[PDB]
Amino acid sequence: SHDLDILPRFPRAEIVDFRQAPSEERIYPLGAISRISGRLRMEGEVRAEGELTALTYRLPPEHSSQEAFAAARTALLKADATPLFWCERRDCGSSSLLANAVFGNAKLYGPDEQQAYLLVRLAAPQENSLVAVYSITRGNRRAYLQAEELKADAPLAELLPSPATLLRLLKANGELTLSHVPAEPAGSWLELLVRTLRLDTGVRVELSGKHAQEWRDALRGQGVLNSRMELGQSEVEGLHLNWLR
């Protein structure tokens, strides 16, 4: 039928599967997916039930799955969605599990080394919406991209990415926004950013957003060197981070 209001246009891409459901359950992994003893295992997950819109695109032969995935990733982060998990190739675990057990679409099954997966939480006013993107290039040399929105029927918990996800995405995408942080820097989100900046001590960032000054100093007081953090100008409600190469 129609695209998700938040995604880009993949030039000449065709919708090959469209699904909607007013109350479907999704269990989106927050880490690699595998089977142990035949039972499904996720290294962290988010379960939510709500209105599901799932779009399956087949890309034109001229354009790679990885290109469309990067465009989708760039667009969701520029919409200031908080990233929750991002992974490429074998880091995602099994394509068969993602295709079948998570998205329930066997067309998405391909070589593990050709996949990519992203999960984000949309910014308020859509803060109980999750958007998931999955890309694959298959042996038939065709390229597909799955994009799904789950509007949860109940408010989502406090959902945070790992420090590894934050660092990796800051370098793969160059920037990202954390749009579900408290206005006063503290708690889980301050802890996450502190642990992210101790995992790579050389990386430098520019902070912007309505309370970016407050964040930088909370971080200085948790031990981050002030030389590592510059300040930008944005009115976005969240904390925006920009990789200073």
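Count begins at 1; order follows the chain as displayed.
Method reported for this entry: X-ray crystallography, 2.0 Å.
Every residue gets a Cβ built from N, Cα and C, even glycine.
Sequence annotations record features per position, and here Swiss-Prot assigns region 'Domain 1' to 1-161.
The Cβ neighbour count for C92 (disulfide bond), using a 10 Å radius and every protein chain shown, is 22. The disulfide bond feature in Swiss-Prot is assigned to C87-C92.
Residues or ranges marked as region 'Domain 2' by Swiss-Prot: 162-245. In terms of DSSP secondary structure, the region 'Domain 2' (162-245) contains 37 helix, 18 strand, 29 coil.
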Other CB atoms within 10 A, centred on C87 (disulfide bond):
22
